[PDB]
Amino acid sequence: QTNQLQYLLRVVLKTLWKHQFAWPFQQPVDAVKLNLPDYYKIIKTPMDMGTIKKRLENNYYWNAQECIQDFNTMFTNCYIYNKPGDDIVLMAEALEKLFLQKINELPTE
């Protein structure tokens, strides 16, 4: 799924990364800085777009599904850990929508 992994890097990641709401998702959740003592107990698989970018760039993925899985994990972590209405959740939701739009245009192969 190299064409799809190219799509995930150059179209999907590129678009989300440049978004005004990307910045809390560009690096791993800083639970120290953010005073989230429980984060690294409740969240079993931390994920962020910074990590996904590195995976796309360093030939981590064997197929596009694994990458789409990572994006989903990142959004899920946000939705299972955060409070409905809070800015972080409103930000995750707008990114997820753009993500899903770009994923529905995923090139065949």
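The term rigid core refers to the most C-alpha atoms you can superpose between the two forms while keeping them within 1.5 Å. The first residue of the sequence shown is number 1, and the count goes up from there.
Each structure in 8 other deposited structures of this protein is fitted to the shown form on the rigid core, and of 70-78 and 27-35 the C-alphas lie farther away on average for 27-35. Taken in 8 other deposited structures of this protein and fitted on the core, 13-21 and 83-91 differ in how far their Cα atoms move from the shown form, and the one that moves more is 83-91.
The question of which stretch, 27-35 or 79-87, has the higher mean Cα B factor is settled in favour of 27-35.
Higher average CA B factor: 97-105, of the stretches 97-105 and 6-14.
The entry lists a Cα temperature factor for residue 68 that places it in the middle third of the chain's modelled residues.
Residue 51 sits in the lowest third of its chain by CA B factor, as recorded in the PDB entry. When the modelled residues of the chain are ordered by C-alpha B-factor, residue 43 sits in the middle third.
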